[PDB]
Colleague: 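Right, I'll just put the structure down here and ask away after.
When a ligand or atom number is given, it counts from 1 through the structure's own listing order. A, B, ... follow the sequence lines: proteins, then strands. Residue 1 opens every chain.
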Amino acid sequence: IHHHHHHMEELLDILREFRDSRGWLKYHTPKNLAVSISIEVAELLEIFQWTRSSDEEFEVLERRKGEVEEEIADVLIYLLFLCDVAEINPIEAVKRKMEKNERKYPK
Amino acid sequence: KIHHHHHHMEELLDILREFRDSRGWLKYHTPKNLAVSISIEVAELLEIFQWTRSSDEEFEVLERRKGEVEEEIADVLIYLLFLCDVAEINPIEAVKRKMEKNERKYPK
Amino acid sequence: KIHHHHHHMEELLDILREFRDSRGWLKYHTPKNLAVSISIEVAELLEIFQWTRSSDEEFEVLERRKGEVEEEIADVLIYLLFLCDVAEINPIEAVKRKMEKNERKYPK
Amino acid sequence: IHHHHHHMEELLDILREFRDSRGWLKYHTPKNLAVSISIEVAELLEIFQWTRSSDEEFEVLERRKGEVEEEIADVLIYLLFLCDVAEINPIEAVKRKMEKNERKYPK
Ligand SMILES: [Cl-]
Ligand SMILES: [Cl-]
Ligand SMILES: [Mg+2]
Ligand SMILES: [Mg+2]
Ligand SMILES: [Mg+2]
Ligand SMILES: [Mg+2]
Ligand code: NA
Ligand code: NA
C-alpha cells in the first residue's frame, strides 16, 4: 500500500473550499494575489523590523515564533491561490528553478 | 499489507538543503535575510504585471509570460522553505492552523 | 536688494532629525533597517487597494480612503528621508540625475 | 527678495513633462503606482540582501552608493507620480504624521 503525500495539493483543496463557499474567486486576479503576497511578506518582515544583529534575529524568532508561523502561512496561502489561477505546479516550479540554479552556481 | 508512505515535501526540502550546504550558504540564512529575500522575489513577481490596467489584461500577460511567473513563484517558495528550515516551522501545519482561524473570523 | 532663501526641505528634515534624536532612535537607523521600514510602509499603502478590480474602482477607493493613503505616503517618505540622512544622499539631486538617465533610455 | 524652494513641487514639473511627452499618464492608476513603489523599494533592499551586520551594511552603502542613490530616486519618482494622481501634498502629509507621532511617542 503506497501513500503519495502531496501536501500542497491537499492544502489547495482546503483553500478552494474556503474561497468558493464565500464567492471570493472573483477577487483572485493574478495581480491582486501577487499584491496579497507582497502584503503578507511585509507582515513577516515587520516582526524583525528593528533588529541589529543575526543574534537578535534568532531571539525575536524564538519569542515571536507564533507570529512568524502565521505570516509564513499567509504568504503560502496566497502563493497557492495564485498557483490555482495561473495553473502552475509550485513543486515542479521549485524543482526546475533549483536545476537551473545548479548549473548557474556549480560546485 | 505493508504501508509505504512517500514524503515528497521532505524530498523537495532535501534538494534545497543539499544546494545550500554544498555551497556553504547556511551562514547567510538568518531569519531577516530570508524574509528580505522573499520580499525581493515577490517584487520580481509583481513586476511582470506592473502596468496592467484590467483583470482581462492580467490574464493575457499571465498567459504570455507564464514562464517568468513560474520562476518567481519558485523563487518565493524556495526562500520561504529555507526560512521554514531555519525556524523549524512546518508550513503545511501553519496553513492548516491559519485556515482554521480564518474559518472562525469569516464564518459561513 | 538682499536675497533670502528658504530651505523648506531642510526644515522638514530638521523636524525628522529632532524626533529621532530626542528618542535616541538613531542607533536603530541602519541602512538595511530603514530599507526594511520603507518596504513595510509601501505594503501598508498597497493594502488600501488590495482587492480592487478596475482602475475605475481604485479612484473610488482612493477618494473614500484618502486619509489612509495620505498616512502611508507620509510613512514611506519619512523612512526614505531618514535613509537619505544616514547615507548622506540628496534625494532631489538623485531624482534629477535619474530623470536625466530616463531621458536617454526613453527618448522623445 | 524671497526665494521659497519647494523642491518636490519642482521635481514634479520635471516628472509631469516626462510622463506627458510620452503619454504614460494613462498607466498611472493608484494601484499601478503603489505597485511601482513596491518594486523599487525591493530594488533598494536587494543591494543589502545578504549582509550579516550593521557594520557590513555601512560598508555595502559606501561601495554601492550609486546603486542606493538610484533606487532612492526610483522610490521617490513613483511616490511623487502617486501624489500627483491622488492630489496629495507629500510634505504636508509628513508634517501631519510627525505631529501624530509626537503625541503617540511623547518625551
Ligand atoms: Cl512530506
Ligand atoms: Cl531645501
Ligand atoms: Mg498576515
Ligand atoms: Mg527571482
Ligand atoms: Mg504606516
Ligand atoms: Mg530601480
Ligand atoms: Na545559528
Ligand atoms: Na554608524
Colleague: Check each of A/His5, A/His6, A/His7 against B/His8 using the ring-ring contact (aromatic ring centres under 6.0 Å, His included) test, and report the only one that passes.
Modeller: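 It is A/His6, the one option of A/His5, A/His6, A/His7 that forms the ring-ring contact (aromatic ring centres under 6.0 Å, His included) with B/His8.
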Colleague: Test of geometry: compute the angle OE1(A/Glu40)-the Mg ion (ligand 3)-OE1(A/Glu43) and round it to 10°.
Modeller: 90°
Colleague: What is the OD2(A/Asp74)-the Mg ion (ligand 3)-OE1(A/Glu71) angle, to the nearest 10 degrees?
Modeller: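 It rounds to 90°.
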Colleague: Please name the pair of heavy atoms, one in D/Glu46 and one in B/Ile40, separated by the smallest distance, quoted to 0.1 Å.
Modeller: CA-CD1, 3.6 Å
Colleague: Would you say A/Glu70 has an N, O or S atom lying under 2.8 Å from the Mg ion (ligand 3)?
Modeller: no
Colleague: Is A/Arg19 positioned over the aromatic face of A/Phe81, cation under 6.0 angstrom from the ring centre and no more than 45 degrees off axis?
Modeller: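 No, A/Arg19 and A/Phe81 do not form such a contact.
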Colleague: Mind telling me whether B/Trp51 and D/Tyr78 have parallel, tilted or perpendicular rings, with 30° and 60° as the class edges?
Modeller: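 Ring orientation, 0 to 90° scale: tilted.
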